[PDB]
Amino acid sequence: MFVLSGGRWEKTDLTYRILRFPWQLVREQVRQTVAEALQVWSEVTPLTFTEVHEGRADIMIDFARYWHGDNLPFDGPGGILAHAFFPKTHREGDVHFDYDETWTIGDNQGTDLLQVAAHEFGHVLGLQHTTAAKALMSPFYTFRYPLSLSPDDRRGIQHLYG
């Protein structure tokens, strides 16, 4: 598909690249998680996601600590867990996870990668925060399973996309 957007015919098939991985998780698990977090959005939008292993993609994902050259320094364990921003000098969506967190998957004790990632991909796609507590786009993280769009989340997507 081609979808008319912003007055222009844009492409819906997109690429993303994982630049570095968190140390507490094995690569394959981080890969499946990132894909699964992107899929919660692709299910309710005209977008598709493909993983690339070189060059620049539409979505660049990285795990960094503190200062990593973007004026959004991370703050070590806790606090901010990640963020996503649009660099002016590159046509891409940048998402960085704070390497200092105890990254986990499916464990209510650690910091869930599936949730933080789904949240960041939400930004990349245009959504902003909401006050709904159990919303994927809430400003605050609380372990919540399964990963699912709340009504406020579907409305948000329906507002930005058809």
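In this text, residue numbers run from 1 along the sequence as written.
- For the segment pair 95-103 and 51-59, the entry gives 51-59 the higher mean B-factor, averaged over Cα atoms.
- If you average the C-alpha B-factors over 132-140 and over 119-127, the higher value belongs to 132-140.
- Ranked against the other modelled residues of its chain, the C-alpha B-factor of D112 as given in the entry falls in the lowest third.
- Sorting the modelled residues of the chain by their CA temperature factor places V34 in the lowest third.
- When the CA B factors of the chain's modelled residues are split into thirds, the value for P87 lands in the highest one.
- Residue-level temperature factors show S148 in the middle third of its chain, judged at the C-alpha atom.
- When the CA B factors of the chain's modelled residues are split into thirds, the value for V26 lands in the lowest one.
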